[PDB]
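J.: Pasting in a structure now, in structure tokens, and then I'll have a few things to ask.
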Amino acid sequence: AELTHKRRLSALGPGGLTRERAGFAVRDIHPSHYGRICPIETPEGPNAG
DNA sequence: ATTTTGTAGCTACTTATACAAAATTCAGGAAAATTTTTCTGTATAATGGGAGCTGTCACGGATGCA
């Protein structure tokens with residue numbers, strides 16, 4: 001649980017978004033993530049993605 | 001034949017009363033003491049702020065219009 005909580009990275013935050021003010025297709029696997037962001041990986045709750 | 005029962009009895013004898021001032025304390029007052037809260041001034045000169053945020057909607061309006 002650590003590691004994965006260090007090398008976690010996040011989109012939100014001051015500078016980021018909010019959950020609301022950003023919806024969906026901004027949560028998806030832009031095909032550039034490949035190799036760079038485990039797509040398998042996400043809370044959910046709203047925070048998916 | 002004493003003993004317990006008596007009866008005819010009191011006196012002692014002791015609650016009972018009620019008052020009662022005396023205590024005897026208590027409360028409140030009053031300060032008065034003082035601690036804490038307020039009030040006021042200040043002289044070179046001084047003259048427009050902060051922020052950012054930037055990804056729905058809807059609708060009805062949208063007057064505004066060209």
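Numbering starts fresh at 1 for the residues of each chain in the structure tokens, the chains themselves are lettered A, B, ... in the order given, and ligands are numbered from 1 as they appear.
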Quick one: residues within 9 Å of segment 40-48 of chain A, only C-alpha atoms (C1' of nucleotides) counted, chain neighbours fewer than 2 positions away excluded, as an MDAnalysis selection string?
T.: chainID A and resid 19 27 37:38
J.: Write the residues you've just listed into a file as an mmCIF file, in the first residue's frame, and include N, CA, C and O atoms for each of them.
T.:
data_model
loop_
_atom_site.group_PDB
_atom_site.id
_atom_site.type_symbol
_atom_site.label_atom_id
_atom_site.label_comp_id
_atom_site.auth_asym_id
_atom_site.auth_seq_id
_atom_site.Cartn_x
_atom_site.Cartn_y
_atom_site.Cartn_z
ATOM 1 N N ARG A 19 -13.818 17.337 -9.181
ATOM 2 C CA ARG A 19 -14.665 16.300 -9.645
ATOM 3 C C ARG A 19 -15.749 16.851 -10.522
ATOM 4 O O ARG A 19 -15.919 16.434 -11.660
ATOM 5 N N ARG A 27 -11.635 11.464 -18.193
ATOM 6 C CA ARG A 27 -11.328 10.353 -17.365
ATOM 7 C C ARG A 27 -11.036 9.185 -18.178
ATOM 8 O O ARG A 27 -11.431 8.116 -17.827
ATOM 9 N N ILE A 37 0.427 4.730 -17.582
ATOM 10 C CA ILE A 37 -0.438 4.848 -16.463
ATOM 11 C C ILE A 37 -1.281 3.649 -16.287
ATOM 12 O O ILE A 37 -2.091 3.357 -17.129
ATOM 13 N N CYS A 38 -1.153 2.981 -15.261
ATOM 14 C CA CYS A 38 -1.732 1.724 -15.349
ATOM 15 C C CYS A 38 -3.151 1.967 -15.535
ATOM 16 O O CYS A 38 -3.704 2.743 -14.818
#
J.: Please return, as a PyMOL selection string, all residues of chain A lying within 10 Å of chain B when only C-alpha atoms (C1' of nucleotides) are considered.
T.: chain A and resi 17+20-23+26
J.: Deliver the residues from the most recent selection as a file, using C-alpha atoms, as an mmCIF file, in the first residue's frame.
T.:
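Now in selection.cif:
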data_model
loop_
_atom_site.group_PDB
_atom_site.id
_atom_site.type_symbol
_atom_site.label_atom_id
_atom_site.label_comp_id
_atom_site.auth_asym_id
_atom_site.auth_seq_id
_atom_site.Cartn_x
_atom_site.Cartn_y
_atom_site.Cartn_z
ATOM 1 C CA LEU A 17 -9.989 20.195 -11.586
ATOM 2 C CA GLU A 20 -17.605 18.179 -10.826
ATOM 3 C CA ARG A 21 -16.233 20.798 -12.984
ATOM 4 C CA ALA A 22 -14.696 17.993 -14.959
ATOM 5 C CA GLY A 23 -16.715 15.226 -16.277
ATOM 6 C CA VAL A 26 -11.324 13.532 -19.247
#
J.: I need the alpha helix (DSSP H) residues of chain A per DSSP on the backbone, written as a list in words.
T.: residues 3, 4, 5 and 6 of chain A
J.: Would you output that residue set with N, CA, C and O atoms, as an mmCIF file, in the first residue's frame?
T.:
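Output contents, as saved in again.cif:
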data_model
loop_
_atom_site.group_PDB
_atom_site.id
_atom_site.type_symbol
_atom_site.label_atom_id
_atom_site.label_comp_id
_atom_site.auth_asym_id
_atom_site.auth_seq_id
_atom_site.Cartn_x
_atom_site.Cartn_y
_atom_site.Cartn_z
ATOM 1 N N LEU A 3 3.828 1.668 -1.693
ATOM 2 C CA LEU A 3 4.303 2.077 -2.969
ATOM 3 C C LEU A 3 3.203 2.654 -3.657
ATOM 4 O O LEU A 3 3.084 3.853 -3.851
ATOM 5 N N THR A 4 2.267 1.842 -3.761
ATOM 6 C CA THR A 4 1.303 2.373 -4.578
ATOM 7 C C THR A 4 0.722 3.583 -4.062
ATOM 8 O O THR A 4 -0.197 4.073 -4.630
ATOM 9 N N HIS A 5 1.127 4.024 -2.950
ATOM 10 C CA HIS A 5 0.625 5.302 -2.646
ATOM 11 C C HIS A 5 1.682 6.272 -2.731
ATOM 12 O O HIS A 5 1.481 7.380 -2.386
ATOM 13 N N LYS A 6 2.829 5.879 -3.107
ATOM 14 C CA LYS A 6 3.639 6.981 -3.473
ATOM 15 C C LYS A 6 3.543 7.126 -4.915
ATOM 16 O O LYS A 6 2.949 8.048 -5.415
#
J.: Can you pull out every residue within 10 Å of residue 28 of chain A, counting only C-alpha atoms (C1' of nucleotides), but drop anything in the same chain fewer than 4 positions away, and send it as a JSON list (two decimals) with C-alpha atoms, in the first residue's frame?
T.:
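Output below, filename around.json:
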[["chain", "number", "residue", "atom", "x", "y", "z"],
["A", 24, "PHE", "CA", -15.96, 12.25, -18.27],
["A", 33, "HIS", "CA", -1.38, 6.59, -21.37],
["A", 39, "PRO", "CA", -5.10, 1.63, -16.75],
["A", 48, "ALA", "CA", -12.51, 6.88, -11.21],
["A", 49, "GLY", "CA", -10.03, 8.06, -13.55]]
J.: Between atom CA of residue 10 of chain A and atom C1' of residue 51 of chain B, measure the distance and give it in Å to one decimal.
T.: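 These two atoms are separated by 25.4 Å.
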J.: Provide the atom CA of residue 1 of chain A to atom CA of residue 31 of chain A distance in Å, to one decimal place.
T.: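 Straight-line distance from atom CA of residue 1 of chain A to atom CA of residue 31 of chain A works out to 26.7 Å.
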